[PDB]
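What follows is a single chain, given as structure tokens, in the form deposited in one PDB entry.
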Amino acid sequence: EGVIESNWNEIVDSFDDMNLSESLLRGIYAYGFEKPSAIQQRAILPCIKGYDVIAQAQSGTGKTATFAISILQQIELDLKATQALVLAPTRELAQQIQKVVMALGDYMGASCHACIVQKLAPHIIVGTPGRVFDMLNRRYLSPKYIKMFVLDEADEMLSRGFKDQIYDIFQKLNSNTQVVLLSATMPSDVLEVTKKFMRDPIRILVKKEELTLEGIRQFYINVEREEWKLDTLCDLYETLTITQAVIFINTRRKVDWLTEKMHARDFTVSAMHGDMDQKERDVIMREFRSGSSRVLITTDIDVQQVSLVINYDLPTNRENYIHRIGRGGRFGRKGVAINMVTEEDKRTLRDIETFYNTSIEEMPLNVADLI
């Protein structure tokens, strides 16, 4: 799910027309192997030609034959040295790679060892970054004939803190080393690795939405009229047990208004808006994180946990809706959001689920026994 964006057009959907060697194909057909993904279908060819490649492949590509093929087709089978080096974030992923690489490899007489002792020079080495850096360091492996460096799941590896080890390993490799990075995610630092290590590489990216609504319970209250919002907001603090909350407001004027009325009801509050510099926000975020204020009121945030988010004002568009309550990452997919709805909102937006493209349900009475 998503859409491919490439700077290179060179597709192949079969093992048949990849210009592979015979012993490789003997291996491919021997073990009925799967078809390659759309991503892989456009990476495999320039990859075989030795070009630098950035492929936004889904996690687990290391298990597949196309992955193995991209490595085996480049190996001088008669040179008895390590020519390819694959880094994976964990033992299980390295073993999966080792398994499929050595399966196909056997028909070709290629060797593949997974670094995860005395025996150590196989053509291909796959393993964890630290373990692998260590082996180069203690000279049990040689970067001398290594012409290919694969970073499978670069994102996972950076997340698991192997950036250091990865940069140190790179410094030991020849200048003409083909780099192939695979990552389902392309955050800033992953992009940096490629800028640092690659020369005009093939780019096969997938534009992916970074914030998501997944697992966030979304409610709305028919407040009907603007002037009944303050009361509605105060009743929520009597219906629910709220530790800290973020209240989004559309204008600086109302931010100031709401913090005055809220403060008059003995809420500790922090107000923030666009006509404030970064040094003034910092002090305000400092007070919210510390819990000196139980309520943060802003316009269109640096904090890890809050009881819920309240859209006191409905956001002007979907992008804003997602920047307000959407969360990044695969885990900790929980949250509670409450939207306040007036008749004018309903008359303008027509249908909020459609307008904001998500599932928002009317806040029930038993809401406290639900979130």
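Numbers follow the displayed sequence, beginning with 1. Here, rigid core means the biggest group of C-alpha atoms that superpose within 1.5 Å across both forms.
Keep in mind that the form deposited in another entry is not shown, yet the notes after this line are about it.
- For the residue set 55, 325, 44, 28, core-aligned C-alpha shifts between the shown form and the other one reach 2 angstroms or more at a single site, 28.
- The rigid-core alignment places the CA of residue 339 less than 2 Å apart between the shown form and the other one.
- Annotation: Cα of residue 314 displaced by less than 2 Å between the shown form and the other one, core superposition.
- Wider separation of the C-alpha atoms of residue 62 and residue 175, by 3 angstroms or more, is seen in the other entry than in the present form.
- In the other entry, the CA atoms of residue 197 and residue 67 sit closer together than in the displayed form, by at least 3 angstroms.
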